[PDB]
Structure formats: structure tokens, C-alpha cells
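> work_36.cif (mmCIF, C-alpha atoms) pasted underneath:
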data_run
#
loop_
_atom_site.group_PDB
_atom_site.id
_atom_site.type_symbol
_atom_site.label_atom_id
_atom_site.label_comp_id
_atom_site.auth_asym_id
_atom_site.auth_seq_id
_atom_site.Cartn_x
_atom_site.Cartn_y
_atom_site.Cartn_z
ATOM 1 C CA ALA A 106 -2.048 5.404 -20.549
ATOM 2 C CA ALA A 107 1.670 4.591 -20.652
ATOM 3 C CA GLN A 108 4.403 5.843 -18.331
ATOM 4 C CA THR A 109 7.780 5.090 -19.888
ATOM 5 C CA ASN A 110 10.801 4.462 -17.642
ATOM 6 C CA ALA A 111 8.544 3.866 -14.670
ATOM 7 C CA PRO A 112 9.817 2.286 -11.450
ATOM 8 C CA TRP A 113 10.042 -1.464 -11.886
ATOM 9 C CA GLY A 114 7.208 -2.122 -9.418
ATOM 10 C CA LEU A 115 4.707 -0.009 -11.329
ATOM 11 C CA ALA A 116 5.742 -1.696 -14.583
ATOM 12 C CA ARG A 117 5.381 -5.080 -12.876
ATOM 13 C CA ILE A 118 1.829 -4.481 -11.681
ATOM 14 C CA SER A 119 0.736 -3.896 -15.268
ATOM 15 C CA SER A 120 2.721 -6.772 -16.801
ATOM 16 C CA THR A 121 2.304 -10.496 -17.202
ATOM 17 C CA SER A 122 6.132 -10.621 -17.245
ATOM 18 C CA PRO A 123 8.971 -9.214 -15.142
ATOM 19 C CA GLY A 124 11.711 -7.109 -16.633
ATOM 20 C CA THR A 125 9.721 -4.340 -18.353
ATOM 21 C CA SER A 126 9.847 -0.627 -17.603
ATOM 22 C CA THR A 127 6.574 0.881 -18.842
ATOM 23 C CA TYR A 128 3.594 1.244 -16.540
ATOM 24 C CA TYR A 129 0.254 0.876 -18.339
ATOM 25 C CA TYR A 130 -2.967 1.941 -16.653
ATOM 26 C CA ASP A 131 -6.433 3.317 -17.350
ATOM 27 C CA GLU A 132 -6.316 7.091 -17.278
ATOM 28 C CA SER A 133 -9.101 7.347 -14.683
ATOM 29 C CA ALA A 134 -6.102 6.646 -12.429
ATOM 30 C CA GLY A 135 -8.054 6.371 -9.184
ATOM 31 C CA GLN A 136 -9.764 9.745 -9.617
ATOM 32 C CA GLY A 137 -12.597 9.978 -7.100
ATOM 33 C CA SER A 138 -11.070 7.433 -4.726
ATOM 34 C CA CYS A 139 -9.236 8.166 -1.486
ATOM 35 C CA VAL A 140 -6.333 6.433 0.214
ATOM 36 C CA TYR A 141 -5.464 7.005 3.859
ATOM 37 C CA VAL A 142 -1.749 6.506 4.435
ATOM 38 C CA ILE A 143 -1.546 5.572 8.108
ATOM 39 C CA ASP A 144 2.140 5.975 8.817
ATOM 40 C CA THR A 145 4.717 8.675 9.745
ATOM 41 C CA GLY A 146 2.835 11.412 7.865
ATOM 42 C CA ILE A 147 3.049 12.713 4.299
ATOM 43 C CA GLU A 148 5.155 15.561 2.974
ATOM 44 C CA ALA A 149 2.081 17.042 1.336
ATOM 45 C CA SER A 150 4.074 19.832 -0.346
ATOM 46 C CA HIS A 151 6.163 17.368 -2.370
ATOM 47 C CA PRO A 152 5.600 18.417 -6.029
ATOM 48 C CA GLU A 153 4.955 14.760 -6.882
ATOM 49 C CA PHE A 154 1.626 14.905 -5.010
ATOM 50 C CA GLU A 155 0.306 17.886 -7.010
ATOM 51 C CA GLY A 156 -1.925 19.144 -4.232
ATOM 52 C CA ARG A 157 -3.636 15.733 -3.888
ATOM 53 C CA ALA A 158 -1.984 14.876 -0.540
ATOM 54 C CA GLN A 159 -2.990 16.335 2.812
ATOM 55 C CA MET A 160 -2.407 15.593 6.479
ATOM 56 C CA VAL A 161 -5.735 14.956 8.188
ATOM 57 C CA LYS A 162 -4.629 13.709 11.630
ATOM 58 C CA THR A 163 -1.607 13.437 13.899
ATOM 59 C CA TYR A 164 -1.095 12.197 17.454
ATOM 60 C CA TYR A 165 2.208 14.031 17.878
ATOM 61 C CA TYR A 166 3.420 17.638 18.141
ATOM 62 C CA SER A 167 3.561 17.918 14.362
ATOM 63 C CA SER A 168 1.820 16.311 11.425
ATOM 64 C CA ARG A 169 4.795 16.862 9.309
ATOM 65 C CA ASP A 170 6.622 13.697 7.994
ATOM 66 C CA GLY A 171 9.950 13.812 9.840
ATOM 67 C CA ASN A 172 10.897 10.280 8.788
ATOM 68 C CA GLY A 173 10.202 9.751 5.079
ATOM 69 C CA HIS A 174 8.546 6.336 5.322
ATOM 70 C CA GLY A 175 4.983 7.703 5.214
ATOM 71 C CA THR A 176 5.965 10.021 2.374
ATOM 72 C CA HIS A 177 7.501 7.119 0.502
ATOM 73 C CA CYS A 178 4.392 4.940 0.908
ATOM 74 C CA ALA A 179 2.071 7.754 -0.075
ATOM 75 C CA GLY A 180 4.213 8.264 -3.172
ATOM 76 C CA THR A 181 3.828 4.624 -4.215
ATOM 77 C CA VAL A 182 0.065 4.929 -3.719
ATOM 78 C CA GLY A 183 -0.500 8.120 -5.650
ATOM 79 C CA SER A 184 2.376 10.346 -6.701
ATOM 80 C CA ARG A 185 2.462 11.370 -10.350
ATOM 81 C CA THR A 186 5.730 9.559 -11.116
ATOM 82 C CA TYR A 187 6.016 6.807 -8.499
ATOM 83 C CA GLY A 188 2.357 6.089 -7.807
ATOM 84 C CA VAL A 189 -0.027 3.342 -8.841
ATOM 85 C CA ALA A 190 -3.155 5.519 -8.662
ATOM 86 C CA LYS A 191 -1.990 8.841 -9.983
ATOM 87 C CA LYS A 192 -5.227 10.789 -9.496
ATOM 88 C CA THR A 193 -6.312 9.491 -6.105
ATOM 89 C CA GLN A 194 -6.624 11.695 -3.021
ATOM 90 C CA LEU A 195 -4.112 10.952 -0.253
ATOM 91 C CA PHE A 196 -4.963 11.482 3.407
ATOM 92 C CA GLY A 197 -2.141 11.266 5.926
ATOM 93 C CA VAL A 198 -2.762 9.899 9.416
ATOM 94 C CA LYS A 199 0.399 10.215 11.477
ATOM 95 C CA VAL A 200 0.290 7.351 13.974
ATOM 96 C CA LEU A 201 4.063 6.802 13.923
ATOM 97 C CA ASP A 202 6.585 9.248 15.345
ATOM 98 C CA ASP A 203 9.573 10.385 13.293
ATOM 99 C CA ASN A 204 11.589 7.257 14.205
ATOM 100 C CA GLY A 205 8.738 5.285 12.672
ATOM 101 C CA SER A 206 7.530 3.938 16.010
ATOM 102 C CA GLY A 207 4.027 4.126 17.480
ATOM 103 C CA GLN A 208 2.300 2.761 20.590
ATOM 104 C CA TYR A 209 -0.364 0.407 19.635
ATOM 105 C CA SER A 210 -3.154 2.431 21.236
ATOM 106 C CA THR A 211 -2.200 5.334 18.980
ATOM 107 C CA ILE A 212 -2.267 3.028 15.939
ATOM 108 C CA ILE A 213 -5.694 1.735 17.016
ATOM 109 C CA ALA A 214 -7.021 5.266 17.496
ATOM 110 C CA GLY A 215 -5.769 6.263 14.041
ATOM 111 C CA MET A 216 -7.552 3.309 12.478
ATOM 112 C CA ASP A 217 -10.789 4.213 14.245
ATOM 113 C CA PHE A 218 -10.129 7.783 13.119
ATOM 114 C CA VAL A 219 -10.174 6.671 9.478
ATOM 115 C CA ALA A 220 -13.367 4.664 9.886
ATOM 116 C CA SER A 221 -15.114 7.882 10.968
ATOM 117 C CA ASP A 222 -13.149 10.453 8.986
ATOM 118 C CA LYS A 223 -14.034 8.884 5.646
ATOM 119 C CA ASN A 224 -17.532 10.282 6.260
ATOM 120 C CA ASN A 225 -15.922 13.749 6.173
ATOM 121 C CA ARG A 226 -14.281 13.220 2.765
ATOM 122 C CA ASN A 227 -15.514 13.075 -0.819
ATOM 123 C CA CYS A 228 -14.583 9.587 -2.026
ATOM 124 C CA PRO A 229 -17.438 8.609 -4.361
ATOM 125 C CA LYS A 230 -15.332 5.811 -5.842
ATOM 126 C CA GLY A 231 -14.399 4.377 -2.456
ATOM 127 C CA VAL A 232 -11.877 4.453 0.339
ATOM 128 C CA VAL A 233 -8.605 2.595 0.868
ATOM 129 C CA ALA A 234 -6.332 2.507 3.902
ATOM 130 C CA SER A 235 -2.666 1.587 3.531
ATOM 131 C CA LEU A 236 -1.049 0.377 6.762
ATOM 132 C CA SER A 237 2.693 0.079 6.176
ATOM 133 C CA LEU A 238 3.296 -0.794 9.807
ATOM 134 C CA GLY A 239 3.236 -3.638 12.259
ATOM 135 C CA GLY A 240 4.629 -5.389 15.307
ATOM 136 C CA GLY A 241 3.857 -8.401 17.428
ATOM 137 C CA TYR A 242 0.513 -10.144 17.513
ATOM 138 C CA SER A 243 -2.222 -8.039 19.098
ATOM 139 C CA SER A 244 -5.846 -9.077 19.104
ATOM 140 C CA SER A 245 -6.811 -5.438 19.758
ATOM 141 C CA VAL A 246 -4.831 -4.231 16.738
ATOM 142 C CA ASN A 247 -6.248 -7.008 14.586
ATOM 143 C CA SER A 248 -9.729 -6.058 15.743
ATOM 144 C CA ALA A 249 -9.100 -2.393 14.933
ATOM 145 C CA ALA A 250 -8.025 -3.325 11.414
ATOM 146 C CA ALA A 251 -11.113 -5.547 11.135
ATOM 147 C CA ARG A 252 -13.380 -2.672 12.221
ATOM 148 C CA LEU A 253 -11.778 -0.408 9.655
ATOM 149 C CA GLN A 254 -12.327 -3.018 6.936
ATOM 150 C CA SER A 255 -15.875 -3.600 8.218
ATOM 151 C CA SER A 256 -16.571 0.131 8.023
ATOM 152 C CA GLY A 257 -16.246 -0.050 4.241
ATOM 153 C CA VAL A 258 -12.552 0.764 3.766
ATOM 154 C CA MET A 259 -10.233 -1.510 1.915
ATOM 155 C CA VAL A 260 -7.482 -2.212 4.401
ATOM 156 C CA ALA A 261 -4.084 -3.203 2.998
ATOM 157 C CA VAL A 262 -1.432 -4.053 5.594
ATOM 158 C CA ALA A 263 2.192 -5.132 5.323
ATOM 159 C CA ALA A 264 2.958 -8.770 6.056
ATOM 160 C CA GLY A 265 6.091 -7.818 7.981
ATOM 161 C CA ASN A 266 9.803 -8.029 7.218
ATOM 162 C CA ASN A 267 10.746 -10.859 9.569
ATOM 163 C CA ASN A 268 11.038 -13.640 6.947
ATOM 164 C CA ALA A 269 8.604 -15.565 9.170
ATOM 165 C CA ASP A 270 4.995 -16.688 9.220
ATOM 166 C CA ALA A 271 2.852 -13.563 9.507
ATOM 167 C CA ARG A 272 0.481 -15.275 12.006
ATOM 168 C CA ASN A 273 2.641 -13.766 14.750
ATOM 169 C CA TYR A 274 2.288 -10.161 13.616
ATOM 170 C CA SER A 275 -0.414 -7.511 13.716
ATOM 171 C CA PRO A 276 -2.239 -6.290 11.857
ATOM 172 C CA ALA A 277 -0.774 -8.761 9.318
ATOM 173 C CA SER A 278 -2.522 -11.696 11.040
ATOM 174 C CA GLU A 279 -5.997 -10.144 10.826
ATOM 175 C CA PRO A 280 -7.771 -12.342 8.229
ATOM 176 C CA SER A 281 -10.405 -9.829 7.040
ATOM 177 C CA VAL A 282 -7.859 -7.281 5.715
ATOM 178 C CA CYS A 283 -5.493 -7.651 2.767
ATOM 179 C CA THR A 284 -2.089 -8.835 4.012
ATOM 180 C CA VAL A 285 0.650 -8.019 1.515
ATOM 181 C CA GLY A 286 3.998 -9.746 1.039
ATOM 182 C CA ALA A 287 6.924 -8.366 -0.949
ATOM 183 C CA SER A 288 8.581 -9.583 -4.162
ATOM 184 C CA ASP A 289 11.655 -8.331 -6.060
ATOM 185 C CA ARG A 290 12.206 -7.368 -9.678
ATOM 186 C CA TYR A 291 13.141 -10.948 -10.605
ATOM 187 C CA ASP A 292 9.815 -12.263 -9.278
ATOM 188 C CA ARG A 293 11.444 -13.753 -6.198
ATOM 189 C CA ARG A 294 9.881 -13.434 -2.796
ATOM 190 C CA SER A 295 11.848 -10.664 -1.143
ATOM 191 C CA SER A 296 14.352 -12.208 1.240
ATOM 192 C CA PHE A 297 12.760 -10.336 4.178
ATOM 193 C CA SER A 298 9.087 -10.854 3.355
ATOM 194 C CA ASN A 299 6.887 -12.660 5.809
ATOM 195 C CA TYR A 300 4.708 -15.445 4.450
ATOM 196 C CA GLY A 301 2.049 -17.872 5.605
ATOM 197 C CA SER A 302 -1.564 -18.685 5.016
ATOM 198 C CA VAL A 303 -2.671 -15.219 6.173
ATOM 199 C CA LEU A 304 -1.014 -13.522 3.181
ATOM 200 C CA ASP A 305 -3.455 -12.584 0.442
ATOM 201 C CA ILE A 306 -1.201 -11.177 -2.274
ATOM 202 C CA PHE A 307 2.353 -10.107 -3.122
ATOM 203 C CA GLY A 308 3.419 -6.745 -4.442
ATOM 204 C CA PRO A 309 6.739 -5.181 -5.428
ATOM 205 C CA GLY A 310 8.739 -4.660 -2.262
ATOM 206 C CA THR A 311 12.491 -4.637 -3.025
ATOM 207 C CA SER A 312 14.292 -1.482 -4.244
ATOM 208 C CA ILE A 313 11.134 0.628 -4.698
ATOM 209 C CA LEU A 314 11.730 4.198 -5.859
ATOM 210 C CA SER A 315 9.304 6.773 -4.458
ATOM 211 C CA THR A 316 9.024 10.223 -2.916
ATOM 212 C CA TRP A 317 11.093 11.116 0.097
ATOM 213 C CA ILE A 318 11.029 14.071 2.466
ATOM 214 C CA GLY A 319 12.835 17.248 1.529
ATOM 215 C CA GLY A 320 11.206 17.033 -1.871
ATOM 216 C CA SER A 321 13.585 14.196 -2.761
ATOM 217 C CA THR A 322 13.272 10.584 -3.923
ATOM 218 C CA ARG A 323 14.863 7.341 -2.849
ATOM 219 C CA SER A 324 14.653 3.586 -3.240
ATOM 220 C CA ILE A 325 13.952 1.456 -0.175
ATOM 221 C CA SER A 326 12.732 -2.070 0.456
ATOM 222 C CA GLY A 327 10.089 -3.641 2.646
ATOM 223 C CA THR A 328 6.697 -5.346 2.749
ATOM 224 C CA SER A 329 5.852 -1.925 3.872
ATOM 225 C CA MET A 330 6.566 -0.751 0.277
ATOM 226 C CA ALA A 331 4.586 -3.631 -1.255
ATOM 227 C CA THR A 332 1.446 -2.599 0.619
ATOM 228 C CA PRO A 333 0.990 0.815 -1.084
ATOM 229 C CA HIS A 334 1.195 -0.846 -4.505
ATOM 230 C CA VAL A 335 -1.809 -2.926 -3.476
ATOM 231 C CA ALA A 336 -3.534 -0.014 -1.769
ATOM 232 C CA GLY A 337 -2.959 2.059 -4.899
ATOM 233 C CA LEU A 338 -4.168 -0.815 -7.089
ATOM 234 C CA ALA A 339 -7.350 -1.094 -5.035
ATOM 235 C CA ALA A 340 -8.108 2.610 -5.358
ATOM 236 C CA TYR A 341 -7.486 2.247 -9.102
ATOM 237 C CA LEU A 342 -9.801 -0.764 -9.503
ATOM 238 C CA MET A 343 -12.539 0.742 -7.316
ATOM 239 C CA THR A 344 -12.458 3.851 -9.498
ATOM 240 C CA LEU A 345 -12.860 1.677 -12.584
ATOM 241 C CA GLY A 346 -15.886 0.020 -10.934
ATOM 242 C CA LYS A 347 -14.245 -3.399 -11.033
ATOM 243 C CA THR A 348 -14.655 -4.011 -7.302
ATOM 244 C CA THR A 349 -15.705 -2.537 -3.959
ATOM 245 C CA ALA A 350 -13.943 -2.064 -0.653
ATOM 246 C CA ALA A 351 -15.376 -5.264 0.796
ATOM 247 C CA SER A 352 -14.277 -7.392 -2.155
ATOM 248 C CA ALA A 353 -11.136 -5.674 -3.486
ATOM 249 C CA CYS A 354 -8.591 -7.964 -1.780
ATOM 250 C CA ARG A 355 -10.450 -10.998 -3.109
ATOM 251 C CA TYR A 356 -10.742 -9.420 -6.537
ATOM 252 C CA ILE A 357 -7.051 -8.517 -6.591
ATOM 253 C CA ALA A 358 -6.170 -12.099 -5.652
ATOM 254 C CA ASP A 359 -8.560 -13.481 -8.304
ATOM 255 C CA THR A 360 -7.040 -11.331 -11.077
ATOM 256 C CA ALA A 361 -3.437 -11.599 -9.912
ATOM 257 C CA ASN A 362 -0.460 -13.031 -11.726
ATOM 258 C CA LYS A 363 -0.507 -16.626 -10.482
ATOM 259 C CA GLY A 364 2.413 -18.955 -9.896
ATOM 260 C CA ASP A 365 5.060 -16.489 -11.141
ATOM 261 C CA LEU A 366 6.951 -15.976 -7.881
ATOM 262 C CA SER A 367 9.827 -18.126 -6.700
ATOM 263 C CA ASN A 368 10.823 -19.091 -3.168
ATOM 264 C CA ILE A 369 7.189 -18.950 -2.052
ATOM 265 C CA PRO A 370 6.924 -21.352 0.933
ATOM 266 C CA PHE A 371 4.453 -24.217 0.669
ATOM 267 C CA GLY A 372 1.039 -23.040 1.818
ATOM 268 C CA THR A 373 1.543 -19.360 0.970
ATOM 269 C CA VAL A 374 -0.313 -17.943 -2.033
ATOM 270 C CA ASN A 375 1.744 -17.472 -5.190
ATOM 271 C CA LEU A 376 -0.102 -14.361 -6.356
ATOM 272 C CA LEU A 377 1.389 -11.080 -7.618
ATOM 273 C CA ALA A 378 -0.805 -7.979 -7.853
ATOM 274 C CA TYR A 379 -1.732 -7.164 -11.432
ATOM 275 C CA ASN A 380 -3.981 -4.448 -12.798
ATOM 276 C CA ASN A 381 -4.911 -6.536 -15.850
ATOM 277 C CA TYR A 382 -4.991 -3.341 -17.933
ATOM 278 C CA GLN A 383 -5.282 -3.942 -21.658
ATOM 279 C CA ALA A 384 -3.995 -0.818 -23.397
#
For this file, write the structure as C-alpha cells.

Amino acid sequence: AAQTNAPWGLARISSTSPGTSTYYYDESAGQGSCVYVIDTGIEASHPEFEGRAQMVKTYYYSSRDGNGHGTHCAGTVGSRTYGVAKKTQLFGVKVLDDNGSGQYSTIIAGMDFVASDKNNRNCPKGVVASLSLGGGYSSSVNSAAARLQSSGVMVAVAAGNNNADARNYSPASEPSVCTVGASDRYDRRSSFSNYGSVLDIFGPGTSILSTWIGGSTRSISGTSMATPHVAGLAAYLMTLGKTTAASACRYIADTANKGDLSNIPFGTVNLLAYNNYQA
């Protein structure tokens, strides 16, 4: 399949080269997979989600995305126009309030929620969690992300936007999950992207167009926006049978575009997510 005039990040994940604008992907498109978007919620009624998005959990008075960040991430995972995996199911877990903040105990509970809730969903092709969130180092948050991964969910988490080593951030510093840095359309490390030996992969993170609340769209930047590309890519690859939840991050790093990013600090992987689709 070919999506002409796609967002640059979708076109990048299906290209050996920057600077193209067509997204190529197998038409299975993550059908039969599931992605939990653990964030500020999802505007499930956005026409871009086509009935495939639903709120499954909130820790606040409403499940409704009052921020836009969770909607934007869910759109990069699986919306028809802005999404990597255009047929996946999206499950919203609102662990962040509408200023995008969340206590870490709520974030931990939401992660444990997903590890159990996936047994209430039909995801024959496998389960992904996208965690476009983070703060300071927490061994309890790392361990929650590790449990989720251990439970058979691919966990993809943002490296953080501190332009620092991600060792000092959670859940970015949890080694068993897939820690995602951000690159820009010129294959530069995004100026804000964390780095370090705990990063597993880079995805498009600068000026990423996706769904926004109020049925709108907008372009925003962040390792938080790189993560759903990788989450979406995992759901897509799992549906194609190329990998499983336990091995997707490794598989994505094995099949990634290698050595194409600039300003990657010594000791950080130079790997850009790539679906390796041959049309």
C-alpha cells in the first residue's frame, strides 16, 4: 500500500532515505493487533480513528482527552491518515490529567492495568503499549514497565526531552522495554532528544502531524511523538508475523536504518525505525 503526501515521519519509517513523502506499508496494517496508549486519553470520536479507538480506563473524573497529547500519540500509532498501523485497535488508558501530569502511582497502576486488561481484549496478533510519558528516575516505575513487558506486551517508552542521558529518567531507563529517541526530517537527532546506552531506537520526533482534540490536527515535537511511531511499527510487524512482543524491540533495532542519523552522541545507537516494506 502507498499513502501519498503522508506526514514525513510515516514516509521516513518506510524509506531508506530521508526527504520522501509517500508512506509504503503492507495492507494488513496492524489488523488484529492492539496498542494501549497510556497518556492523557484519546478523543475516540475523532473521524481519523474510524471507530478503532476506545477509552478503557481513567483515574480521573473523565476519560475524555482534555489535553490533546494522548490523542496525538494515538493518531501516530493508528489513525487512518497520520498512523503507522492503520488497522490496529487503540485502547486509551488515561494516567495523565489534562495538563499532561500524573502521579507516579497512577502511572504504575495504569501499567498494571494494561498487563491484566489485555486478557479482556481480542488481540490475536499481539499487544503493544505506548508510553509517551516520563519523569525522574524511579525504580518502581521502571519495575512497572518491566512487569508490563514481562506480561507479553511490547512496551515502547519515550527517552525524554531533556537532551541528556536517559539513565536518569523513568521509564526510559528501564532496560527491558524499548526506549525511543527522536530524530527530525533531516535525519538529525532532535535537539531535545535524550540519548545514552539505554536507548534502543530512534523514531521521527520533530514536527509530527497527527490528530488533535476537537477533531483537529496539529504538528508537535517530542520523544513522546517518536514513541508511537515505534509502537505503531511494532503492532504492524507483529501482525505480519515478523516478531513477537518479547522480541519486537530487538527485531526493530536489527532491521533499522543504521548509521543514518547525525549528532548521535558516542555510545548511543545510531538506529532509525524502518518497516523494511518492499512494495
> Could you please determine the separation between atom CA of residue A:171 and atom CA of residue A:117 in Å, to one decimal place?
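Spanning atom CA of residue A:171 to atom CA of residue A:117 is a straight-line distance of 29.9 Å.
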> What's the separation between atom CA of residue A:277 and atom CA of residue A:145, in Å to one decimal place?
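Computed distance, atom CA of residue A:277 to atom CA of residue A:145, equals 18.3 Å.
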> How would you write, as a PyMOL selection string, the residues chosen by the PyMOL selection byres ((chain A and resi 146) around 7) on this structure?
chain A and resi 144-145+147-148+160+168-170+175-176+197-199
> Applying 6 Å and only C-alpha atoms, which residues near stretch 324-338 of chain A remain after dropping the ones on its own chain fewer than 5 positions away? List them as a ChimeraX atom specification.
/A:178,181-182,189-190,235,237,261-263,265,285-287,308-314
> Find the residues around residue A:212 up to 12 Å (only C-alpha atoms counted), leave out those fewer than 4 positions away in its own chain, and share them as a PyMOL selection string.
chain A and resi 143-145+162-164+198-202+205-208+216-219+236-240+243+245-250+253+275-276
> Kindly compute an axis-aligned box around the listed atoms of stretch 319-329 of chain A, allowing 3 Å on each side, and express its centre and edge lengths in Å to one decimal as JSON.

{"center_x": 10.4, "center_y": 6.0, "center_z": 0.0, "size_x": 15.0, "size_y": 28.6, "size_z": 13.8}
> Run the PyMOL selection byres ((chain A and resi 356) around 12) on the file and write out the hits as an MDAnalysis selection string.
chainID A and resid 259 283 305:306 335 338:339 342:343 346:355 357:361 376 378:381
> Rank A:106, A:369, A:140, A:161 by their smallest atom-to-atom distance to residue A:292, using only C-alpha atoms, and report the top residue only.
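That would be A:369, the residue with the smallest distance to residue A:292.
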> Closest to residue A:322 among A:257, A:180, A:280, A:301, using all atoms listed in the file?
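Comparing A:257, A:180, A:280, A:301 against residue A:322, the winner is A:180.
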> Do you have the atom CA of residue A:157-atom CA of residue A:112 distance handy?
20.5 Å
> Hey, which of A:384, A:142, A:258, A:340 ends up closest to residue A:129? Count only C-alpha atoms.
A:384
> Please evaluate the PyMOL selection byres ((chain A and resi 139) around 9) against the displayed coordinates and give the resulting residues as a PyMOL selection string.
chain A and resi 135-138+140-141+193-196+223+226-234+340
> Assuming the input is short of atoms at stretch 160-173 of chain A, produce N, CA, C and O atoms for that part as a CSV table (one decimal), keeping the file's coordinate frame.

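Here's the written file out_17.csv:
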chain,number,residue,atom,x,y,z
A,160,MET,N,-2.3,16.1,5.1
A,160,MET,CA,-2.4,15.6,6.5
A,160,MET,C,-3.8,15.9,7.0
A,160,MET,O,-4.3,17.0,7.0
A,161,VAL,N,-4.4,14.8,7.6
A,161,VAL,CA,-5.7,15.0,8.2
A,161,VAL,C,-5.7,14.7,9.7
A,161,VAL,O,-6.7,15.0,10.4
A,162,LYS,N,-4.6,14.1,10.2
A,162,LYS,CA,-4.6,13.7,11.6
A,162,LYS,C,-3.2,13.4,12.1
A,162,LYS,O,-2.5,12.8,11.3
A,163,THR,N,-2.9,13.8,13.3
A,163,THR,CA,-1.6,13.4,13.9
A,163,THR,C,-1.8,13.3,15.4
A,163,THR,O,-2.6,14.0,16.0
A,164,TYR,N,-1.1,12.4,16.0
A,164,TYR,CA,-1.1,12.2,17.5
A,164,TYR,C,0.2,12.7,18.1
A,164,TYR,O,0.5,12.4,19.3
A,165,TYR,N,0.9,13.6,17.4
A,165,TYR,CA,2.2,14.0,17.9
A,165,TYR,C,2.2,15.6,17.7
A,165,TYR,O,1.3,16.2,17.3
A,166,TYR,N,3.4,16.2,18.1
A,166,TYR,CA,3.4,17.6,18.1
A,166,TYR,C,3.3,18.2,16.8
A,166,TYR,O,3.0,19.4,16.6
A,167,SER,N,3.6,17.4,15.7
A,167,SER,CA,3.6,17.9,14.4
A,167,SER,C,2.9,16.8,13.5
A,167,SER,O,3.0,15.6,13.9
A,168,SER,N,2.3,17.2,12.4
A,168,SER,CA,1.8,16.3,11.4
A,168,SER,C,2.8,16.1,10.3
A,168,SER,O,2.4,15.4,9.3
A,169,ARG,N,4.0,16.5,10.5
A,169,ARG,CA,4.8,16.9,9.3
A,169,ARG,C,5.6,15.5,9.2
A,169,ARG,O,5.9,15.0,10.2
A,170,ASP,N,5.9,15.0,8.0
A,170,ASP,CA,6.6,13.7,8.0
A,170,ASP,C,8.1,13.9,8.3
A,170,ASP,O,8.8,14.4,7.4
A,171,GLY,N,8.6,13.6,9.5
A,171,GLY,CA,10.0,13.8,9.8
A,171,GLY,C,10.8,12.6,9.6
A,171,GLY,O,12.0,12.6,10.0
A,172,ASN,N,10.2,11.6,9.0
A,172,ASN,CA,10.9,10.3,8.8
A,172,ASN,C,11.1,10.0,7.3
A,172,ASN,O,12.3,9.7,6.9
A,173,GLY,N,10.1,10.1,6.5
A,173,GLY,CA,10.2,9.8,5.1
A,173,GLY,C,9.4,8.5,4.7
A,173,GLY,O,9.0,8.4,3.5
